[PDB]
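*Asks:* Provided hereafter are the protein sequence and its experimental coordinates.
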2 protein chains.
Amino acid sequence: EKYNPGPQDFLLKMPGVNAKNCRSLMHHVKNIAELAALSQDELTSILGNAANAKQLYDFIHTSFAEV
Amino acid sequence: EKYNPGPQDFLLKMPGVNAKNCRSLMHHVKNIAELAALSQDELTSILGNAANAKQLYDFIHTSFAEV
DNA sequence: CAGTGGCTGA
DNA sequence: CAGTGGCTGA
């Protein structure tokens, strides 16, 4: 498909994303902007899995360094 | 000052990033959430380069399919 | 932002 | 989110 291996791949690079919920993610978000804009509740609603949701939401909110 | 290879490396995985503006980016954003929350005008203020800003914001604002 | 976890070997 | 483009060989 026309799904560029850039932002599309970026989704699967997360510890809570697979090709299965990837299609849902990209269809629910514009790109990286909406991807990181998603909330834990949003994730479960799109991914349909609490584990995948928490894992994805986790990385999105994983601070670079703990001071 | 950990800076795990997860969110930190994620920054350097962009077409408009380097290690020099990486320290600026992480200091201006919490993690991925703020990373994608940045605007093209903001990127220039952080990265200090229009090219890097446009390139970084480009990817952030890159549609999964049909860029 | 808007879609469901969209696949898989013989 | 909050820091400046934070480096580099002899």
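*Replies:* That came through fine. Numbering: from 1, shown residues only, chains lettered A, B, ... in the order given.

*Asks:* need the three-state assignment for residue A:17.
*Replies:* coil (DSSP: H, G, I helix; E, B strand; the rest coil).

*Asks:* again but with residue A:63, I slipped
*Replies:* Under three-state DSSP, residue A:63 falls in the coil class.

*Asks:* let me see the contact set for the closest residue to it other than its chain neighbours.
*Replies:* Computed as Cβ to Cβ, 6 or more residues apart in numbering or on different chains, the closest residue to residue A:63 that is not its neighbour in sequence is residue B:31, at 5.2 Å. Where C-beta positions appear, they are placed from N, C-alpha and C, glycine not excepted. Applying Cβ atoms under 8 Å, 6 or more residues apart in numbering or on different chains to residue B:31 gives the contacts A:60, A:61, A:62, A:63, A:64, B:7.

*Asks:* got the buried residues for stretch A:40-59?
*Replies:* Within stretch A:40-59, the residues scored as buried using 16 or more other Cβ atoms under 10 Å in any protein chain shown are A:43, A:44, A:46, A:47, A:49, A:52, A:53, A:54, A:55, A:56, A:57, A:59.

*Asks:* contacts only, for the residue of chain A found nearest DNA strand C.
*Replies:* With Cβ to the nearest atom of the strand, the shortest gap between chain A and DNA strand C falls at residue A:48, namely 2.1 Å. Residues in contact with residue A:48 (Cβ under 8 Å, 6+ apart) are A:21, A:24.
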